[PDB]
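Everything on this sheet refers to the single structure shown next.
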Ligand SMILES: NC(=O)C1=CN([C@@H]2O[C@H](COP(=O)(O)OP(=O)(O)OC[C@H]3O[C@@H](n4cnc5c(N)ncnc54)[C@H](OP(=O)(O)O)[C@@H]3O)[C@@H](O)[C@H]2O)C=CC1
Ligand SMILES: [Cl-]
């Protein structure tokens, strides 16, 4: 059938300003890391994107190597965009990235100007776009001068292939250097995409304070620790360790006292200090997107609740 976005999509969703910029992101964003490749059904991928936009999720996050196979999430997103979302493309924030392994050899990974420009050209072709809203350097490249990588980002914005740029997985010291280089170049860093959840709190050691200084936004990836902070395990160590399973059980009892699912409490917790712009979820079914949006109704934490959480995590 012909897709018609829900007319009340902007009524419930909360939009949050992304650092000091003109961009407001939905409090909940959707990532295409899993369930958008050739190994899942396009019927399901389409249903996820339509349910997300109907609930006011305007930001879809991709990367060149998302699938599997690499590049298939960008192709499938490109097809669904052409078929169902073209009249509303200017209502969407689409992102992509380059920095991890995409193709074989010395120019298909890392941070060279060659890789970033060739990869974004590939990404725009797979997605059928003139530009992405945000282009990221996917991870640090310690062996390439940071200035070359940042100058490639500045070039792609000046020559209209990206509206804004970002960095992902950069530690606080490297994030400072990257932000200052981009500011001097005249293309200020819009955003940082770090891993952040109850089980991964490294950004609280300086990065969030630095981004707030510098007026740079942030979007937490793996906010459910890849699905550990859910109902899923309520087992191989890769799935969950014994100590983490005991923490999940105790965190779920606290979520129950609050009248919400563990997943909802875990997402709410990431935004508790109003110093993270958005939470980037993964989803295999539309009910998981509905669950995430349902977190907005119950995302306040008291001093006592934060102490309760820290005590569970200390065990
Ligand atoms: N910059 C970077 O280096 C990286 C970026 N990313 C980005 O961040 C996004 C988030 O990563 P991801 O770790 O997937 O996201 P989450 O941590 O939100 O976990 C998502 C997965 O957990 C399960 N899940 C989600 N909600 C629920 C729920 N309510 N009940 C039960 N299970 C649930 C689903 O798995 P199932 O199949 O079991 O239902 C889903 O695929 C990615 O989509 C991607 O765009 C991710 C990794 C690397
Ligand atoms: Cl476009």
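In the working numbering, the protein residues as written are 111 to 425.
Ideal Cβ positions, reconstructed from N, Cα and C, are used throughout, including at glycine.
Q) Less than 7 Å between the CB of residue 368 and some heavy atom of ligand 2, yes or no? A) Locating residue 368 in the chain shown gives position 258, counting from the first residue. For ligand 2, not one heavy atom lies less than 7 Å from the Cβ of residue 368.
Q. What's the call for residue 416, buried or exposed, on a 16-neighbour Cβ count within 10 Å?
A. Your numbering for residue 416 matches position 306 in the chain shown. Here residue 416 is exposed: its Cβ has fewer than 16 other Cβ atoms, across all protein chains shown, within 10 Å.
Q | Start and end residues, alpha helix (DSSP H) containing residue 259 | A | As a first step, residue 259 must be located in the chain shown, where it is residue number 149. Element bounds for residue 259: 256-268.
Q) Based on the DSSP output, what are the partners of residue 303 in its beta bridges? A) Taking the chain shown and counting its residues from 1, one reaches residue 303 at position 193. DSSP, once it has assigned bridges, lists 278 as partnering residue 303.
(Q) Three Cβ pairs or more, each shorter than 8 Å: is that satisfied between the segment 149-161 and the segment 184-202? (A) Between the segment 149-161 and the segment 184-202 there are three or more C-beta pairs closer than 8 Å, enough to call the two in contact.
Q. Which residues bound the beta strand (DSSP E) around residue 170?
A. Along the chain shown, one-based indexing puts residue 170 at 60. Residue 170 -> beta strand (DSSP E) spans 169-171.
(Q) Restricting to runs no shorter than 4 residues, where is the alpha helix (DSSP H) found entirely within the segment 187-247? (A) With a minimum length of 4 residues, the continuous alpha helix (DSSP H) runs that stay inside the segment 187-247 are 223-237.
Q. Would you say residue 177 and residue 147 are within 8 Å of each other, going by their C-beta atoms?
A. Your numbering for residue 177 matches position 67 in the chain shown. Your numbering for residue 147 matches position 37 in the chain shown. Cβ atoms of residue 177 and residue 147: closer than 8 Å.
**Q.** Same chain only: Cβ atoms within 7 Å of residue 113, ignoring 5 sequence neighbours per side
**A.** As a first step, residue 113 must be located in the chain shown, where it is residue number 3. Cβ within range, chain order: 160 and 194.
Q: Could you tell me if the beta carbon of residue 248 falls within a distance shorter than 7 Å of some heavy atom in ligand 1?
A: Within the chain shown, the letter at position 138 stands for residue 248. True, at least one ligand heavy atom lies under 7 Å from that Cβ.
Q.
What ranges does the alpha helix (DSSP H) occupy inside the segment 141-185, keeping only unbroken runs of at least 4 residues that lie completely in it?
A. 152-164
Q.
Here's a check: name, in chain order, each residue in its chain whose Cβ is nearer than 6 Å to the Cβ of residue 174, leaving out the five neighbours to either side.
A. Translated into positions along the chain shown, residue 174 becomes position 64. For residue 174, where only same-chain residues beyond five positions count, the Cβ hits under 6 Å are 208, 212, 229 and 233.
Q. Is the beta carbon of residue 318 sitting closer than 8 Å to the one on residue 297?
A. The residue labelled residue 318 in the question sits at position 208 within the chain shown. The residue labelled residue 297 in the question sits at position 187 within the chain shown. Contact flag unset, no.
Q | Candidates 120, 141 and 122, of which the one nearest residue 398 by Cα | A | One-based indexing of the chain shown puts residue 398 at position 288. Minimum Cα distance to residue 398 is reached at 141.
Q: Using only alpha-carbon positions, find the residue among 277, 231, 356 and 222 that is nearest to residue 253.
A: Working through the chain shown from its first residue, we reach residue 253 at position 143. Here the closest residue by C-alpha is 222.
Q: May I ask whether a heavy atom of ligand 2 can be found less than 7 Å away from the beta carbon of residue 239?
A: The residue labelled residue 239 in the question sits at position 129 within the chain shown. It does: the Cβ of residue 239 is within 7 Å (strictly closer) of some heavy atom of ligand 2.
Q) When the Cα of residue 330 is compared with those of 308, 425 and 199, which residue comes out closest? A) As a first step, residue 330 is located in the chain shown; it is residue number 220 there, counting from the start. Residue 330 has its Cα closest to that of 308, out of 308, 425 and 199.
Q: Could you tell me if residue 393 is buried or exposed, where buried requires 16 or more neighbouring beta carbons within 10 angstroms of its beta carbon?
A: As a working mapping, residue 393 is identified with position 283 in the chain shown. Buried: at least 16 other Cβ atoms inside 10 Å.
Q. Going by the CB atoms, is the gap between residue 372 and residue 365 shorter than 8 Å?
A. Along the chain shown, read from residue 1 onward, the residue named residue 365 stands at position 255. Along the chain shown, read from residue 1 onward, the residue named residue 372 stands at position 262. Yes, the pair counts as a contact, with Cβ atoms nearer than the cut-off.
Q: Measure the alpha-carbon distance for residue 316 versus residue 377 and round it to whole angstroms.
A: As a working note, residue 316 is residue 206 in the chain shown. As a working note, residue 377 is residue 267 in the chain shown. If I take the Cα positions, the gap works out to 21 Å.
Q) According to DSSP, is residue 332 helix, strand or coil? A) Against the chain shown, residue 332 aligns to sequence position 222. Three-state DSSP puts residue 332 in coil, outside helix and strand.
Q) Which value, in whole angstroms, describes the spacing of the CA atoms of residue 300 and residue 327? A) Against the chain shown, residue 300 aligns to sequence position 190. Against the chain shown, residue 327 aligns to sequence position 217. Each residue's alpha carbon lies about 6 Å from the other.
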